[PDB]
Amino acid sequence: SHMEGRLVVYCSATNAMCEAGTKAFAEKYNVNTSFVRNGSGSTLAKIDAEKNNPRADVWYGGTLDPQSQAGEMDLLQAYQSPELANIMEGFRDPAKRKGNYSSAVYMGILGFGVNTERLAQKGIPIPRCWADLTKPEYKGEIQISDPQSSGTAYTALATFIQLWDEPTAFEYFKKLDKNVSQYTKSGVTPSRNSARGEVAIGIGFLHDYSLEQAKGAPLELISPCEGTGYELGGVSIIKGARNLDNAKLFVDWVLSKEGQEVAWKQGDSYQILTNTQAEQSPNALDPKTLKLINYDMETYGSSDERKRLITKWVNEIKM
Ligand SMILES: O=P(O)(O)OC[C@H]1O[C@H](O)[C@H](O)[C@@H](O)[C@@H]1O
């Protein structure tokens, strides 16, 4: 019968990570825990819509930029976990509005995955650069997500501006658009469809491609030639949370060694962990071995930039 209260989680990681994380939390603390999974941008919209009568306690996973925007928008309540002492320097309080309205639970590398069987069958060379993806031979063979609803897609747009500049990122996207077969509402979906061979190339976070590989899909991960970007996975307590103590406990736990290791050991989710005492997945990428930009979480997690960039992308690129 009686348990130790409730926790309602709006999750934006994969369903597998969401399920493994909330299950392990629930079983440890005997908390009646539920979750729903939605894209990072979709989740922001939901929390904004529900702000007068909040339905969830915590927002777990997904990219940090929408969570940073929420903090700026007074949709979150700040909570500084003791566990932050164990979080890698530089990642302890990374959002636009400081004071840990949001905290960083993982790091994911942006890139693309390539179905080598499909390209080989079609006599199409494997691409290795972002710039390759605009070439004639990839028309109809690319899937990417939509930054209106997906955190991944916004991370990509932000990464192209930081690799290059804003006009050439948008010029890039105009050319890329001609080759896109589908814009997906969540970030993981291109990994699923490139794995099954419906399209040859998915743009997204590389650990989702590692998982598909591990399941037998003929995928090859590419960290592209020009360099690339990354997400921080966020955790945030929702302002007006009904179950506030269990929310704080959840934040403490998912920032801990124990909570983070559940993601790859039980949730099949191979992001880089931000806790300095956590065992890293042998399947995780090592950032020091990659050409990474220094992603400006503060500017791209600013509300005016999110809205300006996403509006410009819908207007100029998607139409
Ligand atoms: O792009 P979204 O739907 O917002 O999801 C973003 C999330 O998607 C993936 O599938 C990754 O496993 C997560 O590392 C990422 O944070």
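Rg/Rh for region 62-117 stands at 1.13; both radii use Cα atoms, and Rh follows the Kirkwood definition. Viscosity 0.692 mPa s, temperature 37 °C: give me the Stokes-Einstein translational D for region 157-268 in µm²/s, with Rh taken as the Kirkwood radius over C-alpha pairs. Value of D from the Cα-based Kirkwood radius: 193 µm²/s. Estimated from the Cβ-Cβ distance and a Förster radius of 45 angstrom, the FRET efficiency linking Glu316 and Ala214 is about 0.75.
Here's the picture: charge each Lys and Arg Cβ at +1 and each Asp and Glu Cβ at -1 in the chain, and of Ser150, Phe25, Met319 the one pushed furthest to the positive end of that dipole is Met319.
Comparing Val36, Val199, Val180 in a Gaussian network model of the chain where C-alpha atoms under 10 Å apart are linked, the largest mean-square fluctuation is found at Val36.
With pairing defined as another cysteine C-beta under 4.7 Å, none of the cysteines of the chain fails it. Expressed as a fraction of 2.2 N^0.38 Å, the C-alpha radius of gyration for the chain is 0.96.
One way to sum up the overall shape of region 136-214 is the equivalent ellipsoid from its Cα gyration tensor, whose semi-axes run 21, 15, 11 Å, largest first.
Only helical runs count toward this figure. For the chain, summing -39,500 (n - 2.57) over DSSP H runs of n ≥ 4 and dividing by all residues gives -11000 deg cm²/dmol at 222 nm.
A viscosity of 1.306 mPa s and a temperature of 10 °C, combined with the Kirkwood radius over Cα pairs in Stokes-Einstein, give a translational diffusion coefficient for region 202-298 of 103 µm²/s. A viscosity of 0.890 mPa s and a temperature of 25 °C, combined with the Kirkwood radius over C-alpha pairs in the Stokes-Einstein formula, give region 1-73 a diffusion coefficient of 192 µm²/s.
Of the GluC sites (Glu not before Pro) found in region 51-150, those that fall in a DSSP loop while having at most 14 other beta-carbon atoms within 10 Å are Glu89. Exposure proxy ranking for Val114, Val314, based on other Cβ atoms within 10 angstrom of each Cβ and starting from the fewest, stands as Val314, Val114. All Cα-Cα distances of region 95-161, cut into 10 Å bins from zero to the largest, leave 16, 39, 27, 12, 6, 0 percent in each bin in turn. Put simply, region 1-154 fits an ellipsoid with semi-axes of 35, 19, 16 Å; these come from the alpha carbon gyration tensor as the roots of five times its eigenvalues, largest first. Please report the net charge: other residues with Cβ closer than 13 Å to the Cβ of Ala85, K and R +1, D and E -1. The answer is -2. Placing +1 on each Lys and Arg Cβ and -1 on each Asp and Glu Cβ, with no other charges, gives the chain a dipole about its Cα centre of roughly 620 debye. Computed from the alpha carbon positions, the gyration tensor of region 187-253 leads to an equivalent ellipsoid with semi-axes of 34, 15, 11 Å, biggest first. The spread of Cα positions in region 270-319, taken along each principal axis and listed from longest to shortest, comes to 43, 21, 18 Å.
Kindly flag which residue pairs out of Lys215/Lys291; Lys185/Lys318; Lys98/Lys248; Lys288/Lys312; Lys139/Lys307 have an alpha-carbon separation exceeding 21 Å in this structure.
With Cα atoms farther than 21 Å apart: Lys215/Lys291; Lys288/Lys312; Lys139/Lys307.
So basically every Cβ, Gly included, is an ideal-geometry build from the backbone, and we count neighbours across all protein chains shown. No value in this document is a laboratory result; all are computed from the given coordinates.
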